[PDB]
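Single-structure report; data block below.
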Amino acid sequence: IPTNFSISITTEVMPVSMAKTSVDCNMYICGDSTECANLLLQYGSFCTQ
Amino acid sequence: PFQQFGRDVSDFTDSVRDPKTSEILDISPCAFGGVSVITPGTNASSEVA
């Protein structure tokens, strides 16, 4: 049977959020080539999905 | 004095001395992004932001 107590305080770290990233495929795909967009629009909604 | 142009960590052109004179800086990236549409609801009104 214990006779004395010991009040302790522990810590616990848990992530709840991350980096809200947003990549624009208009600049990533077809950076500056104006003729590149004509072929990029041929694929479809890969920049929308 | 020997470096004319300079890249960034992402390997993109960031600044370069003026090749003629004045020894000045150079372009900066333009503005872009994903434009979103805010609508309070077509049943209530037809506003848009």
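FYI, nothing fancy with the structure tokens labels: chains A, B, ... in order, residues from 1 per chain, ligands from 1 as they appear.
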Give the helix (DSSP H, G or I) residues of chain A, as DSSP finds them on the backbone, and put them as a PyMOL selection string.
chain A and resi 25-28+34-43+45-47
Atoms to include: C-alpha atoms. Write the selected residues as a compact mmCIF listing (two decimals), in the first residue's frame.
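So the final result, stored in result_39.txt, reads:
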```txt
# COMPACT_ATOMS: atom_id res chain seq x y z
CA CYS A 25 -0.47 23.65 -62.82
CA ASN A 26 -0.59 26.69 -65.12
CA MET A 27 2.94 27.68 -64.02
CA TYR A 28 4.28 24.24 -63.05
CA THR A 34 2.98 29.90 -75.12
CA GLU A 35 2.90 26.97 -77.57
CA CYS A 36 3.00 24.54 -74.64
CA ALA A 37 -0.52 25.48 -73.52
CA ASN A 38 -1.98 24.33 -76.85
CA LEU A 39 -0.73 20.81 -76.14
CA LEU A 40 -1.51 21.03 -72.42
CA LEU A 41 -5.19 21.78 -73.08
CA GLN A 42 -5.32 18.67 -75.29
CA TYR A 43 -5.17 16.35 -72.27
CA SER A 45 -9.04 18.33 -66.70
CA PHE A 46 -5.73 17.14 -65.24
CA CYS A 47 -5.19 20.71 -64.00
```
Distance limit 12 Å, atoms considered: only C-alpha atoms. Which chain B residues sit that close to chain A? Return them as a ChimeraX atom specification.
/B:10,12,29-35
Between CA of residue 19 (chain A) and CA of residue 39 (chain B), what distance in Å does the model show, to one decimal?
26.6 Å
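When DSSP is run on the backbone, the residues of chain B that fall into strand (DSSP E) are residues 5, 6, 7, 13, 14, 15 and 16 of chain B.
Comparing the minimum interatomic distances between residue 26 (chain B) and each of B:14, B:38, B:1, B:48, counting only C-alpha atoms, we find that B:14 sits nearest.
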